[PDB]
Amino acid sequence: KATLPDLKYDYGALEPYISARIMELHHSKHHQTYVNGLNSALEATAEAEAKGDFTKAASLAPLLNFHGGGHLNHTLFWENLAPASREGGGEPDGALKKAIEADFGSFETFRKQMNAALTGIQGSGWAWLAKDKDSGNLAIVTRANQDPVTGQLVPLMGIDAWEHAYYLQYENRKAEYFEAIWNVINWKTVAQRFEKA
Amino acid sequence: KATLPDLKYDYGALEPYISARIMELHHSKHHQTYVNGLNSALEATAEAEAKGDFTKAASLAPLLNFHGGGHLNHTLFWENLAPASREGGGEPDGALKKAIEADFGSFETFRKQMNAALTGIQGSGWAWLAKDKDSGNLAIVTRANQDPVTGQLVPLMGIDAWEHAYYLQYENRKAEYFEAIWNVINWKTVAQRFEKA
Amino acid sequence: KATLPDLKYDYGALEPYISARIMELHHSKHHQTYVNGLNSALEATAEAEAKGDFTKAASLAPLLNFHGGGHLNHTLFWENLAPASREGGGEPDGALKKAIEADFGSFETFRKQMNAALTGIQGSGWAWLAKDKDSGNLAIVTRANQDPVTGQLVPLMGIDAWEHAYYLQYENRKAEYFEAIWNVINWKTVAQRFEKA
Amino acid sequence: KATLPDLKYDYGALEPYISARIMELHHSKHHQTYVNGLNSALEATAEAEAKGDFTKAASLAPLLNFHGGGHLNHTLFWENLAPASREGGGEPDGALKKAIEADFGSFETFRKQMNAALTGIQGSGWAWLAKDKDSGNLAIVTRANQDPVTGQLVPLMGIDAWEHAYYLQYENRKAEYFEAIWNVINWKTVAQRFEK
Ligand SMILES: [Mn+3]
Ligand SMILES: [Mn+3]
Ligand SMILES: [Mn+3]
Ligand SMILES: [Mn+3]
Ligand code: NA
Ligand code: NA
Ligand code: NA
Ligand code: NA
Ligand code: NA
Ligand code: NA
């Protein structure tokens, strides 16, 4: 079944940009809950279907979307987060940089639009840098709740805008979080994602 | 494996209220598409799960909801329709009639409010008479697209408000469709559901 | 122009159930932001309407829904909260208590159903005890984000399930918050609302 | 007062690709209903605000989005439609041709993508070729119901996937409609919107 991926660093390795207690709760509590809920959903869909109860199997689709989205979203999230002193922060280079410039004008303009995109989210949700699977063309998208980036879009970089991703440190000052997190984004990971398939 | 149920009468039995062409298409084409989509979603989900691809599994949630919802909703829809010369039309009686009367004042008022609810649906959707699983109180709810009536509420009588349910015969004049369909509602089916919920 | 209502008590007066900092931010930051956004939207709608720019006028709808809902919800929310030493806590009496018994069997069943409702919200949202304006029947509903309770239902008592409502004090342990808040619900306010709806 | 815009041709001018009956219904009944609906929402929002009733004003937001969106979407829709014999059909030229070829690979690749997006719409909705207001970066997007394309994205070409846009002629065969409509898309208009 699905498992919680370990982090590549200690919970407090993203300070002062994200607090240890946030990293701790977020990974060990919130994501774990999505892992658990993802396994429970697949198991119920399975057991309902072996019984020919499609009404029941189809009634689990929202929980599969919520938890399956959560597990995926957070997995990609830790992956593109890293300590500022090491591979976190800065900006991309090579092929990824060139497409960002060609699709957004500059990295700085992309940053602004993404922060703007994050700001505009009403309630719980995510903003993503994504590409078209076929052309590679880049876009800034947002997702409500745990809805994922899938299908025609491949996700490259995600910032979680749920209140639980920042409130303990930044409280209602969500702008400060959105500005701060760029220091711990791992653009090496984003490039790998972009430069593949 | 999920299957398209046959109707209990011929495609033209509900004329003049719903045309034979509408019924034919609605069943043979539209509902069939939902059945196939449901089995396809469920196969693709199991295929993924065996290969530990939870990303793919979760990505199929929308199609499971949509097609799983279409199958259930249309299944119940056909069941609460019957030719006017038989079990269709008229008004409910017995415990059902008293329950309608309790929660809506009269059958006529319920019929008025449901017609309004159908009229107020923006885009594609369904209106249902539903029953609270604990108290038994009745209400009119609306659902977008093919989202089902599930959880706290049990569906008893549905009317489809997607344009394919009426456009060939009534065009934009949805109010005429909503008024006409009461002539072919199977209140014997509804009362059966009412007894078991 | 819309204005921030004043609380009827000091920020720390709902302790230990809700912390002072939470009440402070929730009222002076979050609600104040909705009030500002609502006025901003209504000014913008008027400015475009006078220029015959109906494209602009329509585009301001999500903001009008978002802020105007947030204004309504929180206004109501402060009104059905009070200190335990005073009007807060306990159980309702009179017509309300009995109406609750009629539609949920007991006050405690309703309580469990409310907490179950709150817990089941995916993402940001609210749970309400509402009353049907025609039948007088009570029900528990949920709303996404700041989507209000309007139309056929009249809100009677609301609980806020957005994370900023509890996270500083309860962190991810929302069930502690949902359980804890009943000690500061103002049933007399809810009773006034019941009487007049 | 918002008003129903005039079409620049007779209702039967888009046949055999869109029928006279669909066109007449779509314009004279559906869009007219969005026009009246918008004006009513703006009125009641005007009434409400004067009364200091902000609960009533906010409660009108769903209708404003729905009707205001429908007015905008259909306005643009007729503008990017024209009789095949004239401004309709064919391919876009100019820098718009170049952009599509840059962003999608080919017009043929782009077309298929949109047709697939349109087919992929669950329920009522639209598909749009849009550009980013700041970069000119093209995207295919979809909107539920009458939700419009505003803000960071500028719509350039819309195709309506509501069932009332095709069912009378094509019935359930939505793909037939999606493939057909390309012979009456006005790319001159789409090219204007692109050049802003
Ligand atoms: Mn999160
Ligand atoms: Mn149908
Ligand atoms: Mn709040
Ligand atoms: Mn249309
Ligand atoms: Na990490
Ligand atoms: Na591009
Ligand atoms: Na907020
Ligand atoms: Na709205
Ligand atoms: Na959409
Ligand atoms: Na036909």
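Protein chains in written order, with the numbering used here: chain S, 7 to 203; chain Y, 7 to 203; chain C, 7 to 203; chain V, 4 to 199.
We put the beta carbon where it would ideally sit given N, CA and C, even for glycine.
Of C:124, C:179, C:197, the smallest CA-CA separation from residue 160 of chain C is found for C:197. The Cβ atoms of residue 25 of chain Y and residue 109 of chain C lie no closer than 8 Å to each other. Residue side-chain check: residue 168 of chain V places its Cβ nearer than 7 Å to a non-hydrogen atom of ligand 4. Rounded to whole angstroms, the separation of the alpha carbons of residue 157 of chain S and residue 134 of chain S is 14 Å.
For the pair of segments examined, the region 137 to 155 of chain Y was found not to touch the region 184 to 191 of chain S: the number of CB pairs separated by less than 8 Å stays below three. Proximity of chain Y to residue 110 of chain C at the Cβ level (cut-off 8 Å) is accounted for by 140, 141, in chain order. With a cutoff of 8 Å on beta-carbon distance, residue 169 of chain Y and residue 166 of chain V are scored as near each other. Sixteen is the threshold: when 16 or more other Cβ atoms of the shown chains lie within 10 Å of the Cβ of residue 52 of chain V, as they do, the residue is buried.
Closer than 8 Å to the CB of residue 35 of chain Y there is at least one CB belonging to chain V. Annotation for residue 148 of chain C: the continuous beta strand (DSSP E) segment containing it runs 144 to 150. Residue environment for residue 9 of chain S: exposed (fewer than 16 other C-beta atoms within 10 angstroms of its C-beta). Within the region 93 to 176 of chain V, the runs of beta strand (DSSP E) at least 3 residues long that lie entirely inside it are, in chain order, 128 to 135, 141 to 147, 156 to 163.
The beta carbon of residue 116 of chain C sits closer than 6 Å to the beta carbons of 106, 110 from its chain, once the five residues preceding and following it are set aside; these are given in chain order.
Counting only heavy atoms of ligand 9, the residues whose C-beta sits closer than 7 Å to one of them are, along the chain, V:124, V:128, V:145, V:146, V:147. Between residue 55 of chain V and residue 61 of chain V, the alpha-carbon positions lie close to 12 Å from each other.
A residue is called buried once 16 or more other Cβ atoms fall within 10 Å of its Cβ, and residue 195 of chain C is buried on that count. For residue 59 of chain C, the shortest C-beta to heavy atom distance toward ligand 4 is 7 Å or greater. Judged by their CB atoms, residue 84 of chain S and residue 13 of chain S are nearer to each other than the 8 Å cut-off. For residue 192 of chain C, the three-state secondary structure derived from DSSP is strand. One alpha carbon belongs to residue 168 of chain V, the other to residue 180 of chain Y, and they sit about 15 Å apart. Between residue 127 of chain Y and residue 148 of chain Y a beta carbon distance of about 6 Å is seen, short of the 8 Å cut, so the two are scored as contacting. By the neighbour-count criterion, in which 16 or more other beta carbons inside 10 Å mark a residue as buried, residue 125 of chain S falls on the exposed side.
Counting along the chain, residue 28 of chain S sits inside the alpha helix (DSSP H) bounded by residues 26 to 31. Bounds of the alpha helix (DSSP H) holding residue 68 of chain V are 64 to 82. For residue 58 of chain Y, the secondary structure class from DSSP, reduced to helix, strand or coil, is coil. In the structure shown, residue 43 of chain Y falls within a helical segment according to DSSP collapsed to helix, strand and coil. What you get when you keep residues with a C-beta closer than 6 Å to any heavy atom of ligand 10 is V:171, V:172, V:174.
Residue contact check for residue 43 of chain Y against chain S: no CB pair falls below 8 Å. The region 69 to 81 of chain C makes no contact with the region 15 to 24 of chain C: fewer than 3 CB pairs, one atom from each, lie closer than 8 Å. The three-state reading of DSSP puts residue 91 of chain V in strand, counting E and B together.
Residue environment: residue 122 of chain Y is assigned as exposed (fewer than 16 neighbouring CB atoms within 10 Å of its CB, all protein chains considered).
Those residues whose C-beta sits under 7 Å from the nearest heavy atom of ligand 6 are, from N- to C-terminal order along the chain, S:108, S:109, S:143, S:144, V:105, V:106, V:140, V:141. In this structure residue 102 of chain Y is not in contact with residue 94 of chain Y, their Cβ atoms being roughly 15 Å apart against a cut-off of 8 Å. With a cutoff of 7 Å, residue 36 of chain C counts as near ligand 7, since its C-beta is closer than that to a heavy atom of the ligand. In terms of CA proximity to residue 175 of chain Y, Y:27 leads the group Y:7, Y:11, Y:16, Y:27.
The three-state secondary structure of residue 183 of chain C, taken from DSSP, is helix.
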